[PDB]
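Novice: Got a structure for you, my_file08.tsv, holding TSV, C-alpha atoms.
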chain	number	residue	atom	x	y	z
A	1	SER	CA	-30.48	9.86	-1.36
A	2	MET	CA	-32.49	6.77	-2.34
A	3	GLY	CA	-30.97	3.28	-2.46
A	4	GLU	CA	-28.24	1.01	-1.10
A	5	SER	CA	-24.62	2.12	-0.88
A	6	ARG	CA	-21.98	1.67	-3.66
A	7	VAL	CA	-19.52	-1.07	-2.63
A	8	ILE	CA	-15.76	-0.37	-2.95
A	9	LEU	CA	-12.99	-2.81	-1.98
A	10	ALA	CA	-9.93	-1.16	-0.39
A	11	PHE	CA	-7.32	-3.98	-0.84
A	12	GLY	CA	-4.03	-2.94	0.74
A	13	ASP	CA	-1.54	-2.90	3.60
A	14	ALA	CA	-0.99	-0.71	6.75
A	15	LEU	CA	-1.82	2.46	4.72
A	16	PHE	CA	-5.42	1.09	4.32
A	17	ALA	CA	-5.64	-0.80	7.67
A	18	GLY	CA	-5.15	2.50	9.59
A	19	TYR	CA	-2.06	1.32	11.48
A	20	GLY	CA	-1.44	3.71	14.44
A	21	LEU	CA	-4.82	5.46	14.06
A	22	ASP	CA	-8.08	5.55	16.05
A	23	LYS	CA	-11.43	4.10	14.87
A	24	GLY	CA	-12.74	6.01	11.83
A	25	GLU	CA	-9.35	7.76	11.02
A	26	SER	CA	-8.17	5.19	8.42
A	27	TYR	CA	-7.87	6.17	4.74
A	28	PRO	CA	-10.85	3.92	3.75
A	29	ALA	CA	-13.06	5.35	6.56
A	30	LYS	CA	-12.21	9.02	5.65
A	31	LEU	CA	-12.50	8.26	1.89
A	32	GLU	CA	-16.06	6.91	2.58
A	33	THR	CA	-16.99	10.28	4.18
A	34	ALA	CA	-15.28	12.33	1.43
A	35	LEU	CA	-17.19	10.55	-1.38
A	36	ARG	CA	-20.48	11.95	0.09
A	37	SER	CA	-19.15	15.30	-1.27
A	38	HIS	CA	-19.09	13.72	-4.76
A	39	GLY	CA	-22.75	12.71	-4.38
A	40	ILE	CA	-21.75	9.04	-3.65
A	41	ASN	CA	-22.92	6.94	-0.65
A	42	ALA	CA	-20.21	4.26	-0.50
A	43	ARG	CA	-19.57	1.33	1.77
A	44	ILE	CA	-15.79	0.81	1.63
A	45	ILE	CA	-14.67	-2.71	2.63
A	46	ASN	CA	-11.44	-2.25	4.59
A	47	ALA	CA	-9.30	-5.17	3.37
A	48	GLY	CA	-6.08	-3.48	4.58
A	49	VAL	CA	-3.69	-5.89	6.30
A	50	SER	CA	-0.67	-4.36	8.02
A	51	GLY	CA	2.61	-5.88	6.70
A	52	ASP	CA	1.04	-7.52	3.58
A	53	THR	CA	3.51	-8.00	0.70
A	54	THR	CA	2.31	-8.35	-2.90
A	55	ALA	CA	2.67	-12.15	-2.37
A	56	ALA	CA	0.47	-12.03	0.77
A	57	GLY	CA	-2.16	-9.98	-1.21
A	58	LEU	CA	-2.06	-12.55	-4.04
A	59	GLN	CA	-2.53	-15.35	-1.48
A	60	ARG	CA	-5.79	-13.82	-0.12
A	61	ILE	CA	-7.42	-11.92	-3.04
A	62	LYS	CA	-9.79	-14.82	-4.02
A	63	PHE	CA	-10.76	-15.42	-0.34
A	64	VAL	CA	-11.45	-11.71	0.17
A	65	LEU	CA	-13.61	-11.49	-2.96
A	66	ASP	CA	-15.46	-14.80	-2.17
A	67	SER	CA	-16.14	-13.52	1.41
A	68	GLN	CA	-18.10	-10.43	0.16
A	69	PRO	CA	-21.94	-10.46	0.44
A	70	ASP	CA	-22.01	-7.72	-2.27
A	71	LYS	CA	-19.64	-7.80	-5.27
A	72	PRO	CA	-17.32	-4.78	-5.30
A	73	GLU	CA	-18.16	-2.14	-7.92
A	74	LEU	CA	-14.52	-0.86	-7.75
A	75	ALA	CA	-11.37	-2.40	-6.24
A	76	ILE	CA	-8.63	-0.04	-5.03
A	77	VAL	CA	-5.30	-1.95	-4.93
A	78	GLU	CA	-2.49	-0.55	-2.72
A	79	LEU	CA	0.41	-2.99	-2.28
A	80	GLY	CA	4.19	-3.13	-2.79
A	81	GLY	CA	5.36	-0.90	0.08
A	82	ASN	CA	6.25	-3.95	2.22
A	83	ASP	CA	8.13	-5.54	-0.74
A	84	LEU	CA	10.16	-2.22	-0.81
A	85	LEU	CA	10.75	-2.36	2.99
A	86	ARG	CA	12.09	-5.95	2.60
A	87	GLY	CA	14.23	-5.06	-0.51
A	88	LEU	CA	12.35	-7.75	-2.49
A	89	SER	CA	12.63	-8.19	-6.27
A	90	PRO	CA	10.60	-5.57	-8.19
A	91	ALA	CA	10.07	-8.18	-10.96
A	92	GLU	CA	8.40	-10.59	-8.43
A	93	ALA	CA	6.27	-7.72	-7.01
A	94	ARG	CA	5.08	-6.96	-10.58
A	95	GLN	CA	4.23	-10.68	-11.14
A	96	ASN	CA	2.34	-10.83	-7.78
A	97	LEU	CA	0.35	-7.64	-8.50
A	98	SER	CA	-0.37	-8.99	-12.03
A	99	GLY	CA	-1.98	-12.05	-10.37
A	100	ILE	CA	-4.17	-9.82	-8.16
A	101	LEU	CA	-5.28	-7.64	-11.10
A	102	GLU	CA	-5.95	-10.76	-13.28
A	103	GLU	CA	-8.35	-12.10	-10.59
A	104	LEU	CA	-10.22	-8.72	-10.44
A	105	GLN	CA	-10.32	-8.50	-14.26
A	106	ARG	CA	-11.68	-12.11	-14.50
A	107	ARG	CA	-14.60	-10.97	-12.28
A	108	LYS	CA	-15.09	-7.73	-14.32
A	109	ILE	CA	-14.34	-5.58	-11.20
A	110	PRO	CA	-12.98	-2.13	-12.22
A	111	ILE	CA	-9.51	-1.31	-10.82
A	112	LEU	CA	-7.86	1.77	-9.34
A	113	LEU	CA	-4.14	1.11	-8.75
A	114	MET	CA	-2.35	3.19	-6.06
A	115	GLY	CA	1.22	3.83	-7.27
A	116	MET	CA	4.04	3.25	-4.77
A	117	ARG	CA	7.48	4.91	-5.04
A	118	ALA	CA	10.84	3.65	-3.74
A	119	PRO	CA	13.02	5.85	-1.51
A	120	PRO	CA	16.65	6.49	-2.55
A	121	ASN	CA	18.06	4.06	0.14
A	122	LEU	CA	17.55	1.11	-2.32
A	123	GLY	CA	19.66	2.90	-5.00
A	124	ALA	CA	18.70	4.25	-8.42
A	125	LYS	CA	18.68	0.88	-10.26
A	126	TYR	CA	16.19	-0.68	-7.80
A	127	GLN	CA	14.17	2.59	-7.51
A	128	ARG	CA	13.69	2.96	-11.28
A	129	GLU	CA	12.68	-0.72	-11.66
A	130	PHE	CA	10.24	-0.66	-8.71
A	131	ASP	CA	8.62	2.70	-9.65
A	132	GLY	CA	8.05	1.48	-13.26
A	133	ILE	CA	5.90	-1.52	-12.27
A	134	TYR	CA	2.76	0.57	-11.52
A	135	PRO	CA	2.32	2.37	-14.90
A	136	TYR	CA	3.15	-0.98	-16.62
A	137	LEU	CA	0.41	-2.79	-14.68
A	138	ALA	CA	-2.16	0.05	-15.14
A	139	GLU	CA	-1.69	-0.05	-18.92
A	140	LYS	CA	-1.64	-3.88	-19.11
A	141	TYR	CA	-4.88	-4.33	-17.02
A	142	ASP	CA	-6.71	-1.16	-18.23
A	143	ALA	CA	-6.67	0.14	-14.65
A	144	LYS	CA	-6.89	3.74	-13.48
A	145	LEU	CA	-3.57	4.82	-11.81
A	146	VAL	CA	-2.87	7.31	-9.06
A	147	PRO	CA	0.82	7.69	-9.97
A	148	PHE	CA	2.14	8.53	-6.44
A	149	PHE	CA	-0.39	7.69	-3.72
A	150	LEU	CA	1.66	9.32	-0.89
A	151	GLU	CA	2.55	12.44	-2.96
A	152	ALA	CA	0.41	14.72	-0.70
A	153	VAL	CA	2.48	13.79	2.44
A	154	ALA	CA	5.89	13.33	0.68
A	155	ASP	CA	7.17	16.80	1.80
A	156	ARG	CA	5.14	16.84	5.09
A	157	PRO	CA	6.99	15.08	7.95
A	158	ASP	CA	4.47	16.79	10.31
A	159	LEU	CA	1.78	14.55	8.70
A	160	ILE	CA	3.72	11.27	9.23
A	161	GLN	CA	3.63	9.19	12.43
A	162	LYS	CA	6.87	8.79	14.41
A	163	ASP	CA	7.30	5.01	14.52
A	164	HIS	CA	10.30	2.98	13.13
A	165	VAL	CA	13.58	4.84	13.63
A	166	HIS	CA	16.30	2.85	11.69
A	167	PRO	CA	19.63	4.76	11.73
A	168	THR	CA	21.63	5.32	8.55
A	169	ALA	CA	25.24	4.11	8.45
A	170	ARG	CA	26.29	7.61	9.68
A	171	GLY	CA	23.52	7.47	12.35
A	172	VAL	CA	25.04	4.13	13.57
A	173	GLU	CA	28.45	5.86	13.90
A	174	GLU	CA	26.68	8.55	15.98
A	175	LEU	CA	25.15	5.87	18.31
A	176	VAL	CA	28.55	4.07	18.61
A	177	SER	CA	30.26	7.40	19.60
A	178	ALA	CA	27.56	7.92	22.26
A	179	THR	CA	27.50	4.38	23.77
A	180	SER	CA	31.03	2.86	23.36
A	181	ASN	CA	32.11	4.26	26.80
A	182	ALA	CA	29.16	2.38	28.45
A	183	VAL	CA	30.02	-0.86	26.60
A	184	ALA	CA	33.76	-0.64	27.49
A	185	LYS	CA	32.85	0.05	31.16
A	186	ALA	CA	30.31	-2.89	31.30
A	187	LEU	CA	32.86	-5.44	29.96
A	188	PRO	CA	34.93	-6.86	32.83
A	189	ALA	CA	38.67	-5.90	32.48
Starting from the file, lay out its structure as structure tokens.
Specialist:
Amino acid sequence: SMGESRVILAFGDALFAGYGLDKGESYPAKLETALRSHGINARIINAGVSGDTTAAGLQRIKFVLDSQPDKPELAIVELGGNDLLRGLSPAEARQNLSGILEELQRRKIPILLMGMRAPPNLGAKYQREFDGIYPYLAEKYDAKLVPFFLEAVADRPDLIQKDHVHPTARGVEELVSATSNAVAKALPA
């Protein structure tokens, strides 16, 4: 092909940063290769930061855009998972993401929003509220939405890293049954 690469900003959290993966295995790195098959030579700016909340993304979006030598031609926004993991207000996550999209829209940078979904642990009220923020934002900011970014791995535990292992309430009971003897023995009589 002739010409310089198309510049895409991948603005996100651990899922963009490539947490737990080797060089070149991250989603942005593999997406850059895959777009060659669409006839596109892209340079994808990896602005993934592991553990970023929507508030942390809002805090840095201007800095990240002002740091670019070449203005992004598309910004892919993937945040809210860490808000979920901290049980933070869905309303505040919506407000934070709105601030990020407003800054992109001010600069006339097209937006692709990666939809996040809440697991059942947070309960149905929280899950419905959180899940609804992404279509709301996509409509409000005229953004393209991928409704469920992690849909392709949702039923594929073989495609998910083993990392954090937080027991359920029943799992805690299991651990107590296994370890109470050792605790009772360790405590002086």
Novice: So, with all atoms listed in the file as the atoms that count, which of A:11, A:183, A:177, A:45 lies closest to residue 101 of chain A?
Specialist: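 Once distances to residue 101 of chain A are computed over all atoms listed in the file, the minimum belongs to A:11.
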Novice: What is the atom CA of residue 138 of chain A-atom CA of residue 113 of chain A distance in Å, reported with one decimal?
Specialist: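 Straight-line distance from atom CA of residue 138 of chain A to atom CA of residue 113 of chain A works out to 6.8 Å.
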Novice: For atom CA of residue 6 of chain A and atom CA of residue 42 of chain A, quote the distance in Å rounded to one decimal.
Specialist: 4.5 Å
Novice: For atom CA of residue 56 of chain A and atom CA of residue 109 of chain A, determine how far apart the two atoms are, in Å to one decimal place.
Specialist: 20.1 Å
Novice: Give the answer as one residue: which of A:26, A:98, A:78, A:173 has the shortest atom-to-atom distance to residue 148 of chain A, using all atoms listed in the file?
Specialist: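 Under the stated criterion, the closest residue is A:78.
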Novice: Which neighbours of segment 166-172 of chain A fall inside 12 Å, counting only C-alpha atoms, when residues of the same chain fewer than 6 positions from it are skipped, and could you give them as a PyMOL selection string?
Specialist: chain A and resi 85+121+178-180
Novice: Where atoms are missing, can you supply N, CA and C atoms for segment 149-169 of chain A and output the lot as an mmCIF file, keeping the file's coordinate frame?
Specialist:
data_model
loop_
_atom_site.group_PDB
_atom_site.id
_atom_site.type_symbol
_atom_site.label_atom_id
_atom_site.label_comp_id
_atom_site.auth_asym_id
_atom_site.auth_seq_id
_atom_site.Cartn_x
_atom_site.Cartn_y
_atom_site.Cartn_z
ATOM 1 N N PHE A 149 0.686 7.611 -4.723
ATOM 2 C CA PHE A 149 -0.390 7.690 -3.720
ATOM 3 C C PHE A 149 -0.003 8.637 -2.551
ATOM 4 N N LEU A 150 1.229 8.581 -2.089
ATOM 5 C CA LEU A 150 1.660 9.320 -0.890
ATOM 6 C C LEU A 150 2.221 10.704 -1.259
ATOM 7 N N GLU A 151 1.998 11.163 -2.487
ATOM 8 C CA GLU A 151 2.550 12.440 -2.960
ATOM 9 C C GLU A 151 2.140 13.556 -1.987
ATOM 10 N N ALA A 152 0.889 13.577 -1.503
ATOM 11 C CA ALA A 152 0.410 14.720 -0.700
ATOM 12 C C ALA A 152 1.106 14.805 0.672
ATOM 13 N N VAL A 153 1.719 13.727 1.168
ATOM 14 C CA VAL A 153 2.480 13.790 2.440
ATOM 15 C C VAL A 153 3.998 13.721 2.200
ATOM 16 N N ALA A 154 4.472 13.649 0.965
ATOM 17 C CA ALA A 154 5.890 13.330 0.680
ATOM 18 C C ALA A 154 6.799 14.403 1.278
ATOM 19 N N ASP A 155 6.341 15.663 1.321
ATOM 20 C CA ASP A 155 7.170 16.800 1.800
ATOM 21 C C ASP A 155 6.620 17.270 3.150
ATOM 22 N N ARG A 156 5.891 16.428 3.900
ATOM 23 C CA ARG A 156 5.140 16.840 5.090
ATOM 24 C C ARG A 156 5.423 15.899 6.257
ATOM 25 N N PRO A 157 6.627 15.983 6.860
ATOM 26 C CA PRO A 157 6.990 15.080 7.950
ATOM 27 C C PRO A 157 6.075 15.294 9.157
ATOM 28 N N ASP A 158 5.478 16.484 9.265
ATOM 29 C CA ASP A 158 4.470 16.790 10.310
ATOM 30 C C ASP A 158 3.183 15.965 10.152
ATOM 31 N N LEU A 159 2.971 15.369 8.979
ATOM 32 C CA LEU A 159 1.780 14.550 8.700
ATOM 33 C C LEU A 159 2.084 13.051 8.711
ATOM 34 N N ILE A 160 3.280 12.679 9.203
ATOM 35 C CA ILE A 160 3.720 11.270 9.230
ATOM 36 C C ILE A 160 3.952 10.902 10.685
ATOM 37 N N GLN A 161 3.475 9.724 11.066
ATOM 38 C CA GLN A 161 3.630 9.190 12.430
ATOM 39 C C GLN A 161 5.120 9.012 12.715
ATOM 40 N N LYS A 162 5.507 9.153 13.968
ATOM 41 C CA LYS A 162 6.870 8.790 14.410
ATOM 42 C C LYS A 162 6.742 7.330 14.749
ATOM 43 N N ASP A 163 7.456 6.424 14.075
ATOM 44 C CA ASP A 163 7.300 5.010 14.520
ATOM 45 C C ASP A 163 8.692 4.371 14.487
ATOM 46 N N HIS A 164 8.989 3.645 13.410
ATOM 47 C CA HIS A 164 10.300 2.980 13.130
ATOM 48 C C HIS A 164 11.381 4.042 12.986
ATOM 49 N N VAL A 165 12.465 3.853 13.697
ATOM 50 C CA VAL A 165 13.580 4.840 13.630
ATOM 51 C C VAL A 165 14.798 3.979 13.331
ATOM 52 N N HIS A 166 15.094 3.651 12.064
ATOM 53 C CA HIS A 166 16.300 2.850 11.690
ATOM 54 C C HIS A 166 17.428 3.799 11.289
ATOM 55 N N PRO A 167 18.514 3.867 12.072
ATOM 56 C CA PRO A 167 19.630 4.760 11.730
ATOM 57 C C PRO A 167 20.287 4.414 10.400
ATOM 58 N N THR A 168 20.721 5.452 9.712
ATOM 59 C CA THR A 168 21.630 5.320 8.550
ATOM 60 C C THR A 168 22.984 4.806 9.015
ATOM 61 N N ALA A 169 23.870 4.521 8.074
ATOM 62 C CA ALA A 169 25.240 4.110 8.450
ATOM 63 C C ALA A 169 25.898 5.221 9.298
#
